[PDB]
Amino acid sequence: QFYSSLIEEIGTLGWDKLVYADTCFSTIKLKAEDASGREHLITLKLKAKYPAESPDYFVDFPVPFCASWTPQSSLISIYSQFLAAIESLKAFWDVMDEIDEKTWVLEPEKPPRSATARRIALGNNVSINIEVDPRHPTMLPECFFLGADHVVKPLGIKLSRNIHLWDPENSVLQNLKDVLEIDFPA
């Protein structure tokens, strides 16, 4: 045939998935859109000995990603180990999406899909830092209050007193509104 095993593999996935390739096709990017409408990219760098030797691949995830064990590799199987990981993280990105859409995020600026922390502005010179566990994203995040004692001490008290209200069936944002008894600036 005129084309390499790589090209046959891409044709099988669908050319619509390939969103970048260098001239030698030694670097490619594949896209996947998740069930929630988010686009995710995986970059693969192919060596001379593909598919005997596994490609290097880079993703934007808040957890490690690792692919196959199989004797020879397979862009096909990898892309499917990428889709499964993406669906496994749906709850985490749902939580983060809502926070990013509805609140005033101080840090990070332009958060990648890998970012598990948000520093959210609550008011004049007060913010809350939350660290979300991407595998249990609707539980109580680690919270840290940044500001003067006159504002954050009472928040700490409400947090301890109202913690029983935390409902994992609700979003992180909703639970924060309920447990801290506050409104978030937009």
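All residue numbers are counted from 1 along the displayed sequence.
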Residue range whose averaged C-alpha B-factor is higher in the record, 98-106 or 112-120: 98-106
In the PDB record, does 49-57 or 33-41 carry the higher mean Cα temperature factor? 49-57
Which is it among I28, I128, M139, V151: the one with the largest CA B-factor in the entry? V151
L83, C-alpha B-factor rank within chain (lowest, middle or highest third): middle
Quick tally, chain-level thirds of C-alpha B-factors: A21 sits in the lowest
Ranked C-alpha temperature factor of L159 among modelled chain residues, by third: middle
Can you work out whether the C-alpha temperature factor of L165 puts it in the lowest, middle or highest third of the chain? lowest
Third of the chain's Cα B-factor distribution that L13 belongs to, per the entry: middle
